[PDB]
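Below is one structure, written out as structure tokens; the observations come after it.
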Amino acid sequence: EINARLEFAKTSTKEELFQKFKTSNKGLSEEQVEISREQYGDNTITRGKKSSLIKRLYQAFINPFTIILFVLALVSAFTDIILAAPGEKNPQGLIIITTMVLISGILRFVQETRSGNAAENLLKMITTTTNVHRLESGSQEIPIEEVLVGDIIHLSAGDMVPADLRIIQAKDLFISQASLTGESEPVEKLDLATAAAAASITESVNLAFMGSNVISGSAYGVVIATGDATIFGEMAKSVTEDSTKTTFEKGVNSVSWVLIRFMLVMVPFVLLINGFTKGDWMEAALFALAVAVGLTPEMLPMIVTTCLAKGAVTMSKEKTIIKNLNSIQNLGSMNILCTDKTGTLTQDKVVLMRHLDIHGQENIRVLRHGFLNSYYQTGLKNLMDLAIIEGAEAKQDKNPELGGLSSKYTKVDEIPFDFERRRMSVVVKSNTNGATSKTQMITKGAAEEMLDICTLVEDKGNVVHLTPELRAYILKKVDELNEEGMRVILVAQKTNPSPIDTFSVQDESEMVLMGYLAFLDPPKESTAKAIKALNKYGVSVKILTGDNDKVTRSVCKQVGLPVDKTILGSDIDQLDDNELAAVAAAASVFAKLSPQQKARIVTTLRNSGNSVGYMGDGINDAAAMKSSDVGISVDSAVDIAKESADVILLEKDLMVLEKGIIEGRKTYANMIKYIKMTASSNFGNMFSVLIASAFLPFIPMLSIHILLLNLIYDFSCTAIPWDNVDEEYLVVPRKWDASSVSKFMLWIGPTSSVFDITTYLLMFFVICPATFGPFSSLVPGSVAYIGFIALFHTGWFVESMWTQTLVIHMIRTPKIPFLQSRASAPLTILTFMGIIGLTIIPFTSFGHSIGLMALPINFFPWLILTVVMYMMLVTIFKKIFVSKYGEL
Ligand SMILES: [Mg+2]
Ligand SMILES: [Mg+2]
Ligand SMILES: [Mg+2]
């Protein structure tokens, strides 16, 4: 099996492995890559699910809305083709409905393909890359999914291990396997072929597994397993509906079910009325089909897809790259934001440096040792190390002690940073003295941890013993430096260290202390304004720092966040979850936090129902990012932070996040606005047809006219995603609602029903009789009868289109429709083009081909009066609805 091959990989020599895998020291070849792809596998994760194109399409094609449209198609085909009288066939409606069914199915399939959960990277806007060596292309960076068995991969600091790897060349490689086995302790990896039966292969020496993070050093590895064959692939499990979020799919399904409920209430009523009143069941079937067609917002999926695409493109242009379509929903409902202070609030650059001795006087030797440690560090370089390097380089012009430090020294061993010890050690050997060069250990870390391993102190050019009094004095000086906001670091040296074969954590003892290193980290000028803007939109900002509480308090004092309440890690460790929820909800500053503590805080905040998003860019932040509803990182972050994040920003600041949140809320606002408007507009007309069915001697409007009306209305409403949105709607996060649509329909549609009845009366009694003659004296079947019916249909058609388009401005905004809130240019112009085009429709021969007749001039003043009198009623009912419920 897979396991048997892993043992061979971890036990074979490098040349036998090369011969078996057909891999040379310079990479793979094209033909062998193809053979491996068609024999071993592809580095794609199925997560326990697999579906072909046919199965996926069939599954996507059976959404409720497509079933509605298919039922409409079946009814139309039965009524117009099979059960219709010979000589009269109207396949236009059937053809257009079938085409619309196909379009809706394709759009639903696209949405399903591009929608995922748990920060799934389905859009592929940004993809992580790994360094892969090949025979012809040399060293190139390729996406993780393109890695095959046998490829030689170079691992650096921060790069996530992309598959199961057997290391063939390791240079002090330390791997953080916390993302796999939960152990936050880095493990040293060697290239030796260990012939020992390690426990369960997971904690072995010369194997690097998928999903593990590289902390320090550079290593060359050979891929042995990809895809589901790795340990990470087996651990990859799909948790269906892990979050209680109501995605756009669920909202669309709820809207479709509301439409089905209304159809079941109404269509049989019309059928019964006509069948038991007029006695011709064919006319009843025609009326039922007409009502069913009218109730359907036929091009709803097209508008939904347009809204989603506009949201995605707009957020991408706003330096906010998303991972899937559910990311917009995740980000819009943000309620509490948690992040570390470094990089986000404070600019990532030191503006003031103090390399001080024990007593706080400026010293050069401490800076020299710190520069050696920083420059010869092989791991990730933070702001402090970069500031150390820049200061040392700047001071090299006048100081001969600092000259040539980057060329006469060589690293031989190193122990990377870890949150359980908070120190970094690098062993440095001189390159200009040969074997007798003598080796110097250099250790750098936080003052409290660095004071527990030092027994000597370099003071006044001489070394003295470390008494508790000196330790207390050093801690007092460190606290005093932390008072102003400077970050304090201690530096120590040791000579000689233990040999590299036995150099471990136990060797850090009896070091002599040089002094402190103070760095000033000032906050950005725009931090306060961004924080206030975020707090305006209901997003509370909490800080989860691992640094000293004094520095975080100093930063929060300038930024503006509360500083009276500060919580440390020990208190959270000693207090239970039930009190933790309250104490975290009532606080804003957290300091001295371990990564597991940050994950616990995020989980506790999420337990109270708050949608909490975590912002991070480091390896140790992966647990918090995975435990939060939304994950935010930067494009320059480590691969693990980017992979586990739901949203990736190109800039590390809060204004971009605020703009992304605004756009995410705007997308849903526009979608629900269009849905409610179209639903109410359809319901009013269909209720009118229901009421006036028993009183009218003919059909108020044909099915084809209704379908054309809906098509033109939706092509005019495709500009919804480009209209202005009220700030009061975007201030608070919003969740999907279904009964609100039903209430809106029931409370708005009957307002238009009265005026549609009025238009029925006017056309049947005033205009059409004046043009053609009284209906009671008109012999059925003649040309004049056909003209009467066509004129009535055209009149109600034009009136309905004008009403539906012009109620958009009144319904959309709960304020005054023109004096206080204004509609955007694109929606207005597109609506006007739709109105004008459809009004030209009856006059052309195409209108006469489907049963429309040219309107008389006298009709238009009545249309204007009807529009105005409808607008006043819509305003009154909008006021009543706002007073009753409070939102639209
Ligand atoms: Mg990389
Ligand atoms: Mg070692
Ligand atoms: Mg209407």
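Numbers for the structure displayed
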| quantity | calculated |
| --- | --- |
| Charge dipole magnitude, Cβ of K and R +1, D and E -1 - segment 791-888, Cα centre, debye nearest 20 | 400 |
| Relative contact order of the chain, defined on C-alpha pairs under 8 angstrom at six or more residues apart (%) | 12 |
| Estimated FRET transfer efficiency (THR467, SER509; beta-carbon r; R0 30 Å; 0.05) | 0.95 |
| The chain: angle of helix 365-375 to the longest principal axis, Cα-based, in degrees nearest 10 | 50 |
| Computed FRET value (nearest 0.05) for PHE846 with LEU102, which takes r as the C-beta separation and R₀ as 25 Å | 0.60 |
| Ranked by how many other beta carbons lie within 10 Å on average, peptides 858-864, 662-668, 85-91, 372-378 from highest | 662-668, 372-378, 858-864, 85-91 |
| Furthest towards positive pole of dipole, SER374, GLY485, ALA392, structure part segment 352-520, Cβ charges | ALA392 |
| Gained length - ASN431 relative to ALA85, 0.36 nm times residue gap less alpha-carbon distance | 114.4 nm |
| Fraction of the pair-distance distribution of segment 313-380 above 21 Å, Cα-Cα pairs, percent | 59 |
| Ordering of 249-256, 174-181 by packing [mean C-beta count within 10 Å, highest first] | 174-181, 249-256 |
| DSSP-defined beta bridges in segment 352-520 - what % are antiparallel, rounded to 5 | 90 |
| Intensity falloff of segment 429-542 expressed as log10 I(q)/I(0), Debye formula with alpha-carbon point scatterers, at q = 0.16 Å⁻¹ | -0.84 |
| Cα centroid separation - segment 334-379 against segment 606-679, whole Å | 29 |
| Dipole in debye (nearest 20) - segment 526-578, about Cα centre, beta carbon charges: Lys, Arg +1; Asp, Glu -1 | 600 |
| Only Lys, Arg (+1) and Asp, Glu (-1) charged, at Cβ; the chain dipole about Cα centre in debye | 2280 |
| Proximal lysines to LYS536, defined as alpha-carbon separation beneath 22 angstrom and excluding residues fewer than eight positions away on the same chain | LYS319, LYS341, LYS524, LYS557, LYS565, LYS652, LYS659, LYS666, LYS735, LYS815 |
| Volume per residue that the Cα convex hull of segment 726-791 spans, once the total is divided by residue count, Å³ | 156 |
| Charge dipole of segment 127-220 about the Cα centre (unit charges at C-beta), most positive-ward option of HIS133, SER179, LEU190 | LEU190 |
| Segment 407-467 - Rg and Dmax from Cα coordinates, angstrom | 14.1, 38 |
| Whole-number percent relative contact order across segment 352-520, with pairs defined as alpha carbons under 8 Å at least 6 apart | 28 |
| Fraction of the pair-distance distribution of the chain above 57 Å, Cα-Cα pairs, percent | 29 |
| Loop sites in segment 121-177: trypsin sites (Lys or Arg not before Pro), DSSP, at most 13 other Cβ within 10 Å | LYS124 |
| All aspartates and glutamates inside 20 Å of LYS460 as judged from Cα atoms, apart from same-chain residues fewer than 8 positions distant | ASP357, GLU362, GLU401, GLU469, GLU510 |
| DSSP-defined beta bridges in the chain - what % are antiparallel, rounded to 5 | 75 |
| Three principal axis lengths of segment 477-574 [C-alpha, angstrom, descending] | 59, 30, 23 |
| Degrees separating the helix 654-691 axis from the principal Cα axis of the chain, which is the longest one | 20 |
| Residue-by-residue Karplus 3J(HN,Hα) for segment 146-155, coefficients 6.51, -1.76, 1.60, Hz, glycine and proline x | 9, 8, 10, 5, x, 5, 8, 10, 9, 9 |
| Residue order, fewest to most beta carbons within 10 Å, for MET384, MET625 | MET384, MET625 |
| Taking all pairs of distinct alpha-carbon atoms in segment 62-193, Kirkwood radius in angstrom | 20.5 |
| Sequence ranges 727-735, 439-447, ranked by mean other-Cβ count within 10 angstrom, highest first | 439-447, 727-735 |
| Rounded tilt (10° steps) of 30-39 against the dominant C-alpha axis of the chain | 70 |
| Segment 288-432: radius of gyration over Cα atoms, expressed as a fraction of 2.2 N^0.38 Å | 1.92 |
| Per-selection metrics, segment 352-520 (Cα): Rg and Dmax in Å | 15.1, 46 |
| Farthest positive-ward along the chain dipole, Cα basis, beta-carbon charges - from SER742, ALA446, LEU873 | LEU873 |
| Segment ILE757-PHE695, extension gain: residue separation times 0.36 nm, minus the distance between their alpha carbons | 21.3 nm |
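All Cβ positions, even for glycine, are placed from backbone atoms using ideal geometry, and neighbour counts span all protein chains on display. Just so you know, all these numbers are worked out from the coordinates, no wet-lab data involved.
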